[PDB]
Amino acid sequence: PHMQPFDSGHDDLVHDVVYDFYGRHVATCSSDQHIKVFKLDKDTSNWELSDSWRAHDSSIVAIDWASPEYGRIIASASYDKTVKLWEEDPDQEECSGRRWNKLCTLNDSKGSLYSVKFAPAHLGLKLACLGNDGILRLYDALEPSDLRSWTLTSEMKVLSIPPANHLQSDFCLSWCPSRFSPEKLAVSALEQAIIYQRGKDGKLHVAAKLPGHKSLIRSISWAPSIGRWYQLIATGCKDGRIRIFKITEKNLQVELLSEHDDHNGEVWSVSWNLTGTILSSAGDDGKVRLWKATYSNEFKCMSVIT
Amino acid sequence: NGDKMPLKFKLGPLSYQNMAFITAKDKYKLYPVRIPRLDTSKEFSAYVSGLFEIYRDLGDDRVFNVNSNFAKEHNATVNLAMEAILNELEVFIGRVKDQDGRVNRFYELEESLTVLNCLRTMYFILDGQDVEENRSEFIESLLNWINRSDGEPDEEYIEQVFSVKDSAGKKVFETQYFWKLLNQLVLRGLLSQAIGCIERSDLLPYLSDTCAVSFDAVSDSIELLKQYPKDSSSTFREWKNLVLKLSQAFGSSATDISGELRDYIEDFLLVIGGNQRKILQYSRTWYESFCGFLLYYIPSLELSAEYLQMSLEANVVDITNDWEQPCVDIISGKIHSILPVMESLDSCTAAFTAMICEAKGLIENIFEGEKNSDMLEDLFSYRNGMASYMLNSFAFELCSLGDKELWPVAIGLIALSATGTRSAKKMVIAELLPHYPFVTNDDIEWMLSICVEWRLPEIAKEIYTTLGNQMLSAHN
Amino acid sequence: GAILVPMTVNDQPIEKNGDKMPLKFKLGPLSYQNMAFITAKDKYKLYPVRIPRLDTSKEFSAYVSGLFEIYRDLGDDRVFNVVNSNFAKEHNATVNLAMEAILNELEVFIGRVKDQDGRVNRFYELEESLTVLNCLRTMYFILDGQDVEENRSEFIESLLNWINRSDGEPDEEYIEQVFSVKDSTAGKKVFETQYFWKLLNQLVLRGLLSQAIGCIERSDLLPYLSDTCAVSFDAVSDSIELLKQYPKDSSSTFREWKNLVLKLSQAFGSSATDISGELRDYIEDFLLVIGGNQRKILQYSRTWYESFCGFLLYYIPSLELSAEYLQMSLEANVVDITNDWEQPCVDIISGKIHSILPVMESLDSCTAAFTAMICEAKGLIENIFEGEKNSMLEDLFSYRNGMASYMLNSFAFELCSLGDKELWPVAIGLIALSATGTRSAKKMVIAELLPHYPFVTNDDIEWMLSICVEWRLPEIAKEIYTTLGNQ
């Protein structure tokens, strides 16, 4: 059952679409340097533009919503080397172009930015970003009252020497959602994919790598480990394979659970369920595949949308 | 069509609202996609609630303890719950046929029911005993299972042969087609119809005239059919008697009929007497054979193993439909392997099916993996049962459905899970609850009551923090 | 589906499609002595025919006696009650031992058969029968419903044994097959052939670690590696070290073993690639298989049972997953209908034990009989049949009682036509101990069989009589006597 598609309202290509916490809102960002937010009308089950606005001087590539317990906040990353934060002002008409106020700007990056992800709420307003400079940066809104008070918490050189050629480069972030697991996050930078963990010293250290990728990692996402003791992160590589890694900490162990080339071409998007019960993958073949785990913990394709 | 384009897809917090899009020039549409074969209907949630009630009501009995009445009384209630489950599913299938028609979902739900009828007939009636223990109930369930699995003989085929289509001067019943369809009816216990197809053409006609001898056979045979025993395994013992007497008398007697009509009547009498060779001959599918064997040969489940084997040598399992194989598995003892297939037809039915099979004690947690242990939260693994696993998955699946009516079912299912630490469950609820789609005040009070009941302090604290911004400033 | 025996291969009577001749056959009082003949002109030869696949050997009767001893010795334990706390534990104790005894008696038998004739059709069938039995013990007569942790040593031992006795491969006739040193491709190193690796993984998948190590120390352990890439030399080396200490007693040591293995595969996973593009992966896969990658364990498996075995050895050693293991294994490689043991094993593993009996009964009636017997003792199969409104119907030899009772009683009857007076006690004992059937029903059966006892000695006669006494058939003793005078 397909539903009535709709126009985003963007002129240039759209890079990311993201859901709010409740799944009733979506934020869109494209190259036309705009961020659009759609609302899912209760009555007429249709998606309808809540507000659109110009937000960056260059192409906006990444986007993300903060936990509802900190307000209505969106974050954006652009090729203009910045990350901007916005907060919805309910006292403005929708579509007015002025429904979301910039709360701040992060200019520390000296290279374009490809990704930005808020951290799990149980760690406060925190976030990460990664760009050409090959330097992952974490920021913290130390005082949850001042949603402008964004301090820089950490800086790590993912690539020792960022190659810097033919912008044939890719980077991705994904925090470990787990509430009852030590703070950590995954990062992909080209062929490599590495995991960081908070130490007793309050600093990030590299705790492992997800080996096997023979090309560019287009996407990666940590799955919600509700119920499980272990962690699972999936990656969609350019070599045309979905990979699912089981990470156990007894400090971290790394198993490869599955590999799937069903896409025959690059896997662009890899996404998870809210319960981490279903995993999605999309690619060149112009198809989306949904995967469930077997009783043996292998992964099986439960359906193919096209 | 073949343009290699970067397709991106993101699963949403709501099963029925995901999104696909493309990072390419002149591709700026957003495609909301809902997860393939998802049930959003009200009929379905009613079904879910209904099944959760039975699960909850089973109390301590949803578990099986590996005082002489506790055994007998346990089956009593479990066997009833099985009936309840079956009922809830029939109702569901009903409301589905009225609402959407014979769609893909209707077919799958019936298949799911067929496999369940078969399961009940074999393990939730005799409790390990034989048909003599309760001939009435058993044969009823059997005869029901068989005549709900497939449609044939569909009345659209009854007229198919009574077409009155005369093309080498047919005598209306001297045709092989007529008989096969008569035996078929008998093999399926469809005696009423069986009799009718006879009183249709040459009961009194060709016979009362041509051969007065064979008129008596074909007549008092129809008489025996009219009184096939379904309550006393004694009456059957004597029934098969008169039938075998009849076939012997006729066997060697006055042949005042056609060479073919001669045999076509012996075979009819052989089938009713239980000749194994014959019951297989006039069977179109393995389950017609299996059913016949039990009805006319020997009504004992001690022979099902053999019955099934002979039946399958005659007609292989038809891979067209998903229910046949699971039934073959049920009958042949390996119950556990019907779950994967049923899970495909409907996750819900499969979940509770697995549940009641554990209650009966037909499947159990064989697992034992540590002598050194104490965090290994596994509420969702192979560590516990295959049933526990399926129930817990269903719970998680319900959480993305966004129907606040079922959230209690979801949480209840997790909370009652007969396996897993009170602390392991605490954590799972701690992560799920925040996603509850509350709107009312009563809804919020429910969330809280669950935070209380489980002591999820730091969680009731965020529910309220979202509330300090959606409750202290929303209900204004 | 039947055996089309050659009556008298050298001189057959029926040849022409011509006059379909009247062939007549009469089964004799002795299994090994029947007779065929023809009622036609110029056909006056008599053809003594013995029943197809009959065992007259001494080795066989020894086997039968041996099995009867175990059956008799099982005492009350040959039955299963659907001392209080322990009767359960102690029951399995003895039954599980008897299972071992049965297996033993059959190995011995197979032994004495290989020496006697060597590799006759009978040898093949008896091994098949043993394979199915190894598999059966490994799955129900060791853990007693528990998981591998309950007793990792015994289990893995039985499993590894079952697997490496089912089929011959990898037969050393194939080991040299690839170590031919044939360099028909510019620089075909001693392993750069997928052939080498498949046979290395195969060895690992079958627990054949000793051999596995050897095939490595055969070509490029120190060679191509200690030289070319010093990094991968360390992987391939301390990997061989882990193989050397694969845990077989502590499910703890294994938990930690799989640890070091997964650490190793990760370290190597992302590191110094100073080797060929192919040799690179061929080593990851070797390490993946040892770590338990499901995807890989299926890839380098030639038969479903190699997969099944691997899963338990390297992935997760829990029978709670056998259902899944079996399914994945069979999706990879279907059941091979060439041999009669594979399917029965699939049935065993998958819970339906009862359906191995018909097949085993074809390999050897005897083994099948006692197999069914011990399965009833364990309580793996039971008499589901039932009676009437408390009311003759004393047909011992039927489906009324168990499937086991049935098979044992048939075997008894079959023994009676064998004419070996040594086994007659077995035959009568089998009937007498039958856990089902009226004392009177049995009395009648013995009353009809006994007269056929091939007595010769005085001791033989005294035995017949002692049985007439024990069962109260004095009139029958006065009858065998009436044959003495007029003999």
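Per the PDB entry, chain B carries the name Nucleoporin NUP85 and comes from Saccharomyces cerevisiae.

Chain A is annotated in the PDB entry as Nucleoporin SEH1 from Saccharomyces cerevisiae. Turning to chain A, the UniProt annotation filed under Sequence similarities states: "Belongs to the WD repeat SEC13 family."

Participant: How do you make sense of the overall build of chain B when you look at a structure like this?
Facilitator: When you go through chain B residue by residue, the secondary structure sums to 22 helices and three strands. Relative to the 2.2 N^0.38 estimate, which gives 23 Å for 476 residues, the radius of gyration of chain B is 29 Å and therefore markedly larger than a compact globule would have. C-alpha atoms of chain B, sized along the principal axes, occupy 95 × 70 × 45 Å. Element-wise, carbon and sulfur atoms account for 49% of the exposed surface of chain B, whose accessible area totals about 21900 Å². Taken together, the 44 basic and 71 acidic charged side chains of chain B have centroids lying 5 Å from each other.

Participant: What am I meant to see in the pairing of strand 17 (residues 204-209) of chain A here?
Facilitator: Successive side chains on a regular strand alternate, one facing one side of the sheet and the next facing the other. All names here are of chain A. Relative to strand 17, strand 16 (residues 192-198) is paired through five bridges, and the arrangement is antiparallel. If you follow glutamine 197 over to strand 17, its bridge partner there is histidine 205. Once strand 16 ends, the chain turns through five residues before running back antiparallel as strand 17, passing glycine 202 with a positive phi of about 65°.

Participant: I tried to follow the sheet that holds strand 6 (residues 60-65) of chain A on my own but got confused; where do I start?
Facilitator: Within a sheet, neighbouring strands are paired by backbone hydrogen bonds and run either parallel or antiparallel to one another. All names here are of chain A. Ordered in space as 6-7-8-9, the four strands form an open sheet in which the pairing is antiparallel. Every other strand in the sheet has two partners, leaving strand 6 and strand 9 (100-106) as the edge strands with one partner each. Neighbour-to-neighbour, the strand axes of the sheet open up by a mean angle of 25°, direction not taken into account. With five bridges connecting them, strand 7 (residues 73-78) and strand 8 (residues 83-88) associate as antiparallel partners. When the bridges of strand 8 are listed, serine 76 appears paired with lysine 84.

Participant: I would appreciate a short explanation of the environment of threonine 275 of chain A in the present structure.
Facilitator: Along the chain, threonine 275 of chain A falls in the loop between strand 22 (267-272) and strand 23 (279-283). Given the relative accessible area of 0%, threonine 275 of chain A is considered buried. Sequence separation of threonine 275 of chain A and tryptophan 291 of chain A is 16 residues, and the distance between their C-alpha atoms is 13 Å. Excluding residues within four positions of it along the chain, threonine 275 of chain A makes contact with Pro224, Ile226 and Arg228 of chain A together with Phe396 and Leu432 of chain B. A distance of 3.1 Å separates polar atoms of two side chains, one belonging to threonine 275 of chain A and the other to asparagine 273 of chain A.

Participant: So what exactly am I meant to see when it comes to a nonpolar patch on the surface here?
Facilitator: Residues and elements named next belong to chain C. Side chains of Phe25, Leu27 and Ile51 sit close together on the surface and give an oily, nonpolar patch of about 310 Å² of accessible area. Residue placement: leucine 27 occurs in strand 1 (residues 23-30). Residue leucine 27 is classed as exposed on the basis of its relative accessible area of 66%.

Participant: Teacher, can you tell me more about the interface of chain C and chain B here?
Facilitator: Put simply, an interface is often sized by how much accessible area is lost when its parts join up. Chain C puts 27 residues into the contact, and the matching count from chain B is 28 residues. Together chain C and chain B conceal approximately 2300 Å² of surface at their shared face, both sides included; 47% is due to carbon and sulfur atoms. On inspection of chain C and its partner chain B, the count reaches one salt bridge. In this structure, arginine 237 of chain B engages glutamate 388 of chain C in a salt bridge whose closest nitrogen and oxygen atoms are separated by 3.1 Å. The interface formed by chain C and chain B holds 10 residue pairs in polar contact in total.

Participant: Please clarify how the interface of chain A and chain B should be interpreted in this entry.
Facilitator: Of the residues lining the interface, 64 residues belong to chain A; the matching set on chain B comes to 59 residues. Along the contact surface separating chain A from chain B lie two salt bridges. Across the pair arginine 179 of chain A and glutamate 462 of chain B runs a salt bridge whose closest N-O atoms are separated by 2.9 Å. On inspection of chain A and its partner chain B, the count reaches 19 residue pairs in polar contact. Looking at the side of chain A that touches chain B, the elements that each hand over two or more residues are strand 1 (6-7), strand 2 (14-19), strand 3 (25-30), strand 4 (34-40), strand 22, strand 23, strand 24 (288-293) and strand 25 (299-305) of chain A. In terms of residue count, strand 2 of chain A provides more of the side of chain A that touches chain B than any other element does, six residues in total. Residue composition of the side of chain A that touches chain B, grouped by class: 31 nonpolar, 20 polar and 13 charged. Bridge count for strand 1 of chain A against strand 3 (residues 29-31) of chain B is two bridges, and the pairing is antiparallel. Paired with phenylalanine 6 of chain A across the bridge in strand 3 of chain B is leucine 30 of chain B.

Participant: What exactly am I supposed to notice about the environment of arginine 62 of chain B here?
Facilitator: Residues and elements named next belong to chain B. Looking at the element boundaries, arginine 62 is found in the loop between helix 1 (42-57) and helix 2 (69-100). The exposure class assigned to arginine 62 is buried, which follows from its relative accessible area of 16%. In this structure, the C-alpha to C-alpha distance between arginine 62 and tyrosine 47, residues 15 residues apart in sequence, is 19 Å. In this structure, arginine 62 is in contact with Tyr55, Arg56, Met355, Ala359 and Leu416, ignoring residues within four places of it in sequence.

Participant: Which parts of the structure should I look at to understand the sheet that holds strand 4 of chain A?
Facilitator: All names here are of chain A. What the four strands build is an open sheet, ordered 2-3-4-5; its pairing is antiparallel. Across the chains shown, the open sheet's two edge strands, defined by having one partner strand only, are strand 2 and strand 5 (47-54). Shown here is a sheet whose adjacent strand axes are inclined to one another by a mean of 20°, direction ignored. Bridging between strand 3 and strand 4 involves five bridges; their strand directions are antiparallel. Its bridge partner lying in strand 4, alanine 27 is registered against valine 37.

Participant: Mind showing me how you'd approach the pattern of salt bridges here?
Facilitator: Pairing is possible between side chains that carry opposite charge, provided their charged atoms lie close to one another. Residues and elements named next belong to chain B. Counting across every chain of the model gives 58 salt bridges over all chains. Of the charged contacts, one joins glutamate 108 and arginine 105 as a salt bridge, the two residues approaching to 3.9 Å between their closest N and O atoms. On the criterion of helical spacing, the pair formed by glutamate 108 and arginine 105 is a turn pair, its members being three residues apart in helix 3 (residues 104-123). For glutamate 108, a relative accessible area of 9% puts it in the buried group. Classification of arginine 105 by relative accessible area gives buried; the value is 19%. Residues joined in a network through salt bridges with shared partners are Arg37, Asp39, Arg105, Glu108 and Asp346.

Basis of the calculations
- What you see is numbering from 1 along each chain in written sequence order, possibly unlike the entry, with residues lacking coordinates removed.
- Chains and ligands are labelled by the order in which they are written, letters from A for the one and numbers from 1 for the other.
- Every figure given here refers to the displayed chains, which form just one part of a larger assembly.
- Each side-chain value is worked out from all heavy atoms of the structure, with water and hydrogens disregarded.
- UniProt positions are given in the numbering used here, feature names are shortened, and annotations may be inferred rather than shown by experiment.
- A run of H or I in DSSP counts as a helix once it spans at least four residues, and a run of E counts as a strand once it spans at least two, with each numbered from the N terminus.
- Atoms considered for the radius of gyration are the C-alpha atoms alone. The globule rule reads 2.2 Å times the number of residues to the power 0.38.
- For the accessible areas, the method is Shrake-Rupley and the probe is 1.4 Å, while residue cover comes only from the protein chains on display.
- Charge counting follows a simple rule: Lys and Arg are positive, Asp and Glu are negative, and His as well as the terminal groups are ignored.
- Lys charges are placed at NZ, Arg charges at CZ, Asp charges at CG and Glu charges at CD.
- Two strands pair under a simple rule: DSSP has to find at least two bridges between them.
- Helix axes use the C-alpha atoms of the stretch in contact, all axes being lines fitted to C-alpha atoms, and the angles between their N-to-C directions lie in the range 0 to 180 degrees.
- Only protein chains enter the accessibility calculation, which uses a 1.4 Å probe; a residue is then buried when its area is under 20% of its type maximum, exposed when over 50%, and partly exposed in between.
- It only takes one pair of heavy atoms within 4.5 Å for two residues to be counted as in contact.
- Between N or O atoms, a polar contact is any pair within 3.5 Å; within protein, one atom must be a potential hydrogen donor and the other a potential acceptor, and residues adjacent in sequence are included only when both atoms are from side chains.
- Like charges within 9 Å and nonpolar side chains (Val, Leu, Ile, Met, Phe, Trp, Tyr) within 5 Å are joined into patches, using only residues over 30% in relative accessible area that form no salt bridge.
- The term salt bridge refers to a side-chain nitrogen of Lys or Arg lying within 4 Å of a carboxyl oxygen of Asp or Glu.
- Summed over both partners, the accessible area lost on bringing two parts together, with a 1.4 Å probe, is the buried area.
- By the convention adopted, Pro, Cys, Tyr, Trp, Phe, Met, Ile, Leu, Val and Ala count as nonpolar, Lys, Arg, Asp and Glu as charged, and the other residues, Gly among them, as polar.

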